[PDB]
(Lines of atoms letter the chains of each structure in order from A and count residues from 1; the text may use other names and numbers.)
(Lines give C-alpha, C1' and ligand atoms only; values in the text may rest on other atoms or scores of the structure.)
Protein backbone atom coordinates (compact mmCIF):
# COMPACT_ATOMS: atom_id res chain seq x y z
CA UNK A 1 0.00 0.00 0.00
CA UNK A 2 2.77 2.47 1.06
CA UNK A 3 3.93 3.88 -2.35
CA UNK A 4 5.95 7.05 -2.97
CA UNK A 5 5.82 8.34 -6.62
CA UNK A 6 9.06 9.63 -8.03
CA UNK A 7 9.53 12.26 -10.73
CA UNK A 8 11.93 11.24 -13.55
CA UNK A 9 14.21 14.11 -14.63
CA UNK A 10 15.73 13.38 -18.08
CA UNK A 11 16.63 9.74 -17.13
CA UNK A 12 19.39 11.30 -14.91
CA UNK A 13 17.74 11.91 -11.52
CA UNK A 14 14.69 10.65 -9.65
CA UNK A 15 13.12 12.52 -6.77
CA UNK A 16 9.96 12.66 -4.68
CA UNK A 17 8.20 14.99 -2.27
CA UNK A 18 8.50 14.56 1.51
CA UNK A 19 6.98 16.59 4.34
CA UNK A 20 9.06 17.74 7.38
CA UNK A 21 7.65 19.36 10.52
CA UNK A 22 4.26 20.29 12.02
CA UNK A 23 2.65 21.50 9.84
CA UNK A 24 4.55 19.91 6.95
CA UNK A 25 7.06 21.93 4.92
CA UNK A 26 7.46 20.17 1.53
CA UNK A 27 10.83 19.29 -0.07
CA UNK A 28 11.92 17.25 -3.06
CA UNK A 29 14.59 14.63 -2.27
CA UNK A 30 16.61 12.11 -4.31
CA UNK A 31 15.84 8.63 -2.89
CA UNK A 32 19.41 7.51 -2.83
CA UNK A 33 20.60 3.92 -2.16
CA UNK A 34 24.26 5.13 -2.39
CA UNK A 35 24.11 7.12 0.89
CA UNK A 36 22.38 7.02 4.30
CA UNK A 37 21.70 10.60 5.46
CA UNK A 38 18.56 12.68 5.20
CA UNK A 39 19.19 16.35 4.70
CA UNK A 40 17.31 19.39 3.33
CA UNK A 41 18.30 23.13 2.87
CA UNK A 42 17.53 25.37 5.84
CA UNK A 43 17.35 29.08 6.84
CA UNK A 44 20.89 28.74 8.28
CA UNK A 45 22.21 28.36 4.72
CA UNK A 46 23.32 31.35 2.63
CA UNK A 47 25.07 29.42 -0.20
CA UNK A 48 23.91 30.03 -3.79
CA UNK A 49 22.13 26.63 -3.94
CA UNK A 50 20.20 27.47 -0.74
CA UNK A 51 18.79 30.67 -2.29
CA UNK A 52 16.87 28.93 -5.12
CA UNK A 53 15.67 25.81 -3.22
CA UNK A 54 13.10 25.24 -0.43
CA UNK A 55 14.57 26.00 3.02
CA UNK A 56 13.50 24.34 6.27
CA UNK A 57 12.45 26.88 8.88
CA UNK A 58 12.77 25.28 12.42
CA UNK A 59 10.80 28.11 14.08
CA UNK A 60 7.65 27.20 12.11
CA UNK A 61 7.52 23.57 13.38
CA UNK A 62 5.84 22.71 16.71
CA UNK A 63 7.65 19.34 16.74
CA UNK A 64 11.26 20.41 15.99
CA UNK A 65 13.97 19.45 18.49
CA UNK A 66 17.47 20.98 18.20
CA UNK A 67 20.83 19.33 18.75
CA UNK A 68 24.38 20.74 19.18
CA UNK A 69 25.78 18.25 16.56
CA UNK A 70 26.88 18.80 12.98
CA UNK A 71 27.09 16.76 9.78
CA UNK A 72 29.38 16.98 6.77
CA UNK A 73 28.61 14.85 3.69
CA UNK A 74 30.63 14.56 0.46
CA UNK A 75 29.20 12.91 -2.65
CA UNK A 76 30.73 12.06 -6.07
CA UNK A 77 28.86 15.23 -7.22
CA UNK A 78 28.06 17.79 -4.51
CA UNK A 79 28.68 18.34 -0.78
CA UNK A 80 26.98 19.83 2.26
CA UNK A 81 27.57 20.81 5.86
CA UNK A 82 24.75 21.23 8.32
CA UNK A 83 23.33 20.88 11.76
CA UNK A 84 21.34 17.86 12.97
CA UNK A 85 17.81 18.25 14.28
CA UNK A 86 14.82 15.97 14.99
CA UNK A 87 11.31 16.23 13.54
CA UNK A 88 8.48 14.26 11.87
CA UNK A 89 9.20 13.20 8.30
CA UNK A 90 6.21 12.28 6.05
CA UNK A 91 7.35 9.80 3.41
CA UNK A 92 5.46 7.16 1.40
CA UNK A 93 2.29 7.71 3.52
CA UNK A 94 4.28 7.01 6.72
CA UNK A 95 4.58 9.52 9.60
CA UNK A 96 8.24 8.90 10.57
CA UNK A 97 8.29 10.54 14.02
CA UNK A 98 11.54 11.57 15.82
CA UNK A 99 13.66 11.48 12.69
CA UNK A 100 17.17 12.94 12.83
CA UNK A 101 18.11 14.90 9.70
CA UNK A 102 20.55 17.53 8.48
CA UNK A 103 19.57 21.18 8.11
CA UNK A 104 22.12 22.55 5.59
CA UNK A 105 24.48 25.43 6.47
CA UNK A 106 26.70 25.29 3.38
CA UNK A 107 26.07 23.72 -0.03
CA UNK A 108 29.12 24.83 -2.08
CA UNK A 109 29.45 24.72 -5.86
CA UNK A 110 27.57 24.87 -9.15
CA UNK A 111 26.05 21.30 -9.07
CA UNK A 112 23.52 21.78 -6.20
CA UNK A 113 22.49 25.24 -7.62
CA UNK A 114 21.34 23.74 -10.99
CA UNK A 115 19.88 20.49 -9.53
CA UNK A 116 16.00 20.31 -9.49
CA UNK A 117 15.85 18.57 -6.05
CA UNK A 118 16.18 20.25 -2.59
CA UNK A 119 17.88 17.38 -0.66
CA UNK A 120 18.78 13.67 -0.37
CA UNK A 121 17.04 10.83 1.49
CA UNK A 122 19.66 8.14 1.90
CA UNK A 123 18.50 4.48 1.84
CA UNK A 124 21.77 2.56 2.58
CA UNK A 125 23.07 1.04 5.89
CA UNK A 126 23.68 3.05 9.17
CA UNK A 127 27.39 2.14 9.10
CA UNK A 128 28.12 4.67 6.33
CA UNK A 129 25.87 7.41 7.80
CA UNK A 130 27.69 10.68 8.52
CA UNK A 131 27.77 11.57 12.23
CA UNK A 132 26.07 8.14 12.82
CA UNK A 133 22.66 9.76 12.13
CA UNK A 134 19.83 7.15 12.03
CA UNK A 135 18.73 6.69 8.35
CA UNK A 136 15.01 7.18 7.56
CA UNK A 137 14.28 3.48 6.77
CA UNK A 138 16.04 2.27 9.96
CA UNK A 139 13.92 4.69 12.02
CA UNK A 140 10.65 3.60 10.26
CA UNK A 141 11.50 -0.08 10.99
CA UNK A 142 12.67 0.54 14.59
CA UNK A 143 9.30 2.22 15.29
CA UNK A 144 7.29 -0.75 13.85
CA UNK A 145 5.80 1.42 11.04
CA UNK A 146 6.14 -1.25 8.32
CA UNK A 147 5.71 -5.05 8.64
CA UNK A 148 8.26 -6.04 6.02
CA UNK A 149 11.80 -4.77 6.54
CA UNK A 150 12.31 -4.10 2.84
CA UNK A 151 11.66 -1.50 0.15
CA UNK A 152 11.52 -1.81 -3.63
CA UNK A 153 12.29 0.58 -6.45
CA UNK A 154 10.83 0.91 -9.92
CA UNK A 155 12.50 3.53 -12.10
CA UNK A 156 10.75 4.49 -15.36
CA UNK A 157 12.41 5.03 -18.76
CA UNK A 158 12.36 7.85 -21.40
CA UNK A 159 11.07 10.59 -19.02
CA UNK A 160 7.82 8.66 -18.32
CA UNK A 161 5.74 9.01 -15.14
CA UNK A 162 5.31 5.87 -12.96
CA UNK A 163 8.62 5.59 -11.04
CA UNK A 164 7.93 4.51 -7.44
CA UNK A 165 9.63 3.59 -4.18
CA UNK A 166 7.56 1.03 -2.25
CA UNK A 167 8.19 1.01 1.52
CA UNK A 168 7.62 -2.30 3.31
CA UNK A 169 6.40 -4.17 0.23
CA UNK A 170 6.74 -5.51 -3.31
CA UNK A 171 4.45 -5.08 -6.29
CA UNK A 172 4.74 -8.01 -8.73
CA UNK A 173 3.00 -6.00 -11.50
CA UNK A 174 6.38 -4.25 -12.13
CA UNK A 175 8.43 -7.33 -13.03
CA UNK A 176 8.37 -10.51 -15.07
CA UNK A 177 9.22 -13.96 -13.67
CA UNK A 178 10.39 -14.39 -10.07
CA UNK A 179 12.88 -12.41 -8.01
CA UNK A 180 16.49 -13.61 -8.00
CA UNK A 181 18.04 -13.05 -4.56
CA UNK A 182 21.64 -11.81 -4.22
CA UNK A 183 23.50 -11.53 -0.86
CA UNK A 184 24.98 -8.23 0.27
CA UNK A 185 28.73 -8.84 0.65
CA UNK A 186 29.51 -5.83 2.84
CA UNK A 187 26.82 -3.98 4.84
CA UNK A 188 27.42 -0.26 4.06
CA UNK A 189 26.24 0.44 0.56
CA UNK A 190 23.98 -2.16 -1.10
CA UNK A 191 27.11 -4.05 -2.15
CA UNK A 192 27.16 -7.24 -4.21
CA UNK A 193 29.54 -9.43 -6.25
CA UNK A 194 29.48 -9.22 -10.05
CA UNK A 195 30.85 -12.57 -11.34
CA UNK A 196 31.80 -11.11 -14.76
CA UNK A 197 31.04 -8.47 -17.41
CA UNK A 198 30.81 -10.03 -20.85
CA UNK A 199 30.19 -9.07 -24.50
CA UNK A 200 29.75 -11.82 -27.15
CA UNK A 201 30.82 -14.49 -24.58
CA UNK A 202 34.12 -12.67 -23.83
CA UNK A 203 34.94 -10.94 -20.50
CA UNK A 204 35.50 -7.22 -21.15
CA UNK A 205 35.93 -6.42 -17.46
CA UNK A 206 35.81 -8.15 -14.07
CA UNK A 207 36.89 -11.55 -15.50
CA UNK A 208 37.30 -13.13 -12.02
CA UNK A 209 34.60 -11.10 -10.27
CA UNK A 210 34.34 -7.63 -8.73
CA UNK A 211 32.45 -5.60 -6.13
CA UNK A 212 29.48 -3.46 -7.17
CA UNK A 213 26.88 -1.25 -5.47
CA UNK A 214 23.21 -0.87 -6.47
CA UNK A 215 22.85 2.92 -6.44
CA UNK A 216 19.64 4.74 -7.35
CA UNK A 217 21.42 8.09 -6.93
CA UNK A 218 24.03 7.50 -9.67
CA UNK A 219 22.92 8.13 -13.30
CA UNK A 220 25.40 5.96 -15.20
CA UNK A 221 27.24 2.63 -14.97
CA UNK A 222 30.50 3.56 -13.26
CA UNK A 223 33.69 1.57 -12.74
CA UNK A 224 37.49 2.01 -12.22
CA UNK A 225 39.05 4.18 -14.95
CA UNK A 226 41.16 1.45 -16.65
CA UNK A 227 38.42 -1.29 -17.21
CA UNK A 228 36.02 1.50 -18.34
CA UNK A 229 38.58 2.74 -20.94
CA UNK A 230 38.42 -0.81 -22.40
CA UNK A 231 34.57 -0.84 -22.37
CA UNK A 232 34.61 2.58 -24.17
CA UNK A 233 36.82 1.22 -27.04
CA UNK A 234 34.67 -1.95 -27.31
CA UNK A 235 31.44 0.04 -27.92
CA UNK A 236 33.11 2.58 -30.27
CA UNK A 237 32.95 5.63 -27.96
CA UNK A 238 35.20 8.51 -28.94
CA UNK A 239 36.13 11.49 -26.78
CA UNK A 240 34.56 14.58 -28.38
CA UNK A 241 35.79 18.21 -28.40
CA UNK A 242 33.48 19.33 -25.52
CA UNK A 243 34.34 16.59 -22.92
CA UNK A 244 31.65 13.96 -23.78
CA UNK A 245 32.14 10.26 -24.63
CA UNK A 246 30.08 9.96 -27.81
CA UNK A 247 28.76 7.13 -29.94
CA UNK A 248 26.95 7.39 -33.31
CA UNK A 249 23.19 7.00 -32.66
CA UNK A 250 23.14 4.86 -35.86
CA UNK A 251 25.32 2.20 -34.14
CA UNK A 252 22.72 1.18 -31.44
CA UNK A 253 21.23 -1.27 -34.00
CA UNK A 254 24.56 -3.17 -34.51
CA UNK A 255 26.02 -3.31 -30.94
CA UNK A 256 25.63 -6.45 -28.72
CA UNK A 257 24.24 -6.57 -25.16
CA UNK A 258 26.71 -6.20 -22.28
CA UNK A 259 25.95 -8.93 -19.76
CA UNK A 260 26.40 -8.53 -16.02
CA UNK A 261 26.48 -12.02 -14.43
CA UNK A 262 25.37 -11.78 -10.77
CA UNK A 263 25.21 -14.96 -8.60
CA UNK A 264 25.47 -17.11 -11.75
CA UNK A 265 22.44 -15.38 -13.38
CA UNK A 266 22.80 -13.27 -16.60
CA UNK A 267 21.52 -9.65 -16.58
CA UNK A 268 21.85 -8.27 -20.16
CA UNK A 269 21.94 -4.49 -20.68
CA UNK A 270 20.89 -3.73 -24.32
CA UNK A 271 22.58 -0.90 -26.39
CA UNK A 272 19.26 1.02 -26.24
CA UNK A 273 19.91 1.27 -22.44
CA UNK A 274 23.70 1.65 -22.25
CA UNK A 275 23.80 4.27 -25.07
CA UNK A 276 21.96 7.38 -23.92
CA UNK A 277 20.24 10.06 -26.06
CA UNK A 278 21.13 13.38 -24.52
CA UNK A 279 20.67 16.67 -26.34
CA UNK A 280 20.89 15.58 -29.99
CA UNK A 281 23.90 13.27 -29.77
CA UNK A 282 24.33 9.80 -28.32
CA UNK A 283 26.59 9.26 -25.26
CA UNK A 284 28.11 6.25 -23.48
CA UNK A 285 26.27 5.11 -20.28
CA UNK A 286 29.71 4.12 -18.87
CA UNK A 287 31.69 6.53 -16.71
CA UNK A 288 35.24 6.14 -15.42
CA UNK A 289 35.62 6.76 -11.67
CA UNK A 290 38.00 5.37 -9.03
CA UNK A 291 36.14 4.73 -5.75
CA UNK A 292 38.70 2.91 -3.51
CA UNK A 293 37.60 0.70 -0.65
CA UNK A 294 38.94 -2.33 1.28
CA UNK A 295 37.05 -4.88 -0.94
CA UNK A 296 38.48 -3.35 -4.14
CA UNK A 297 37.60 -0.52 -6.48
CA UNK A 298 33.81 -0.35 -6.70
CA UNK A 299 31.60 -0.52 -9.70
CA UNK A 300 28.31 1.41 -9.53
CA UNK A 301 25.24 -0.16 -11.00
CA UNK A 302 23.43 3.16 -11.39
CA UNK A 303 20.13 4.14 -13.04
CA UNK A 304 21.11 2.66 -16.44
CA UNK A 305 21.00 -0.82 -14.77
CA UNK A 306 18.05 -0.24 -12.36
CA UNK A 307 15.70 0.88 -15.20
CA UNK A 308 16.16 -2.61 -16.70
CA UNK A 309 15.69 -4.52 -13.41
CA UNK A 310 13.07 -3.96 -10.67
CA UNK A 311 15.11 -3.87 -7.46
CA UNK A 312 14.16 -5.07 -3.98
CA UNK A 313 16.35 -4.03 -1.01
CA UNK A 314 15.85 -6.56 1.81
CA UNK A 315 17.12 -5.45 5.24
CA UNK A 316 15.65 -8.52 7.11
CA UNK A 317 17.91 -10.95 5.21
CA UNK A 318 20.59 -8.52 3.85
CA UNK A 319 19.86 -9.34 0.19
CA UNK A 320 19.06 -7.54 -3.10
CA UNK A 321 16.20 -8.92 -5.28
CA UNK A 322 16.36 -8.46 -9.09
CA UNK A 323 13.90 -9.20 -11.92
CA UNK A 324 13.41 -7.75 -15.46
CA UNK A 325 10.90 -4.87 -15.60
CA UNK A 326 7.46 -5.65 -17.11
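Numbering follows the first chain given and starts at 1.
* Higher-scoring stretch by recorded Cα B factor average, 197 to 205 or 149 to 157 -> In the deposited entry, the stretch with the higher C-alpha B-factor mean is 197 to 205.
* Asked: Which has the higher mean CA temperature factor in the PDB entry, 185 to 193 or 239 to 247?
  -> The stretch with the larger mean CA B-factor is 239 to 247.
* To do: Going by the CA temperature factor in the entry, name the top one among 106, 130, 88, 110.
  => Answer for 106, 130, 88, 110: 110, with the highest C-alpha B-factor.
* Quick one: which of 54, 47, 61, 35 shows the highest Cα temperature factor in the PDB entry? => Among 54, 47, 61, 35, the highest C-alpha B-factor in the entry belongs to 61.
* In terms of the CA temperature factor given in the entry, to which third of its chain does residue 10 belong: lowest, middle or highest? -> For residue 10, the deposited C-alpha B-factor lands in the highest third.
* Of the three thirds of its chain by CA temperature factor, lowest, middle or highest, which one includes residue 292? -> For residue 292, the deposited C-alpha B-factor lands in the highest third.
* **residue 271 - which third its CA temperature factor falls in, relative to the rest of the chain** => According to the entry, residue 271 has a C-alpha B-factor in the chain's middle third.
* To do: Report the third (lowest, middle or highest) to which the CA temperature factor of residue 70 belongs, ranking only the modelled residues of the same chain.
  => Middle third.
* Asked: Ranked by Cα temperature factor within the chain, is residue 125 in the lowest third, the middle third or the highest third?
  -> Residue 125: CA B-factor falls in the lowest third of its chain.
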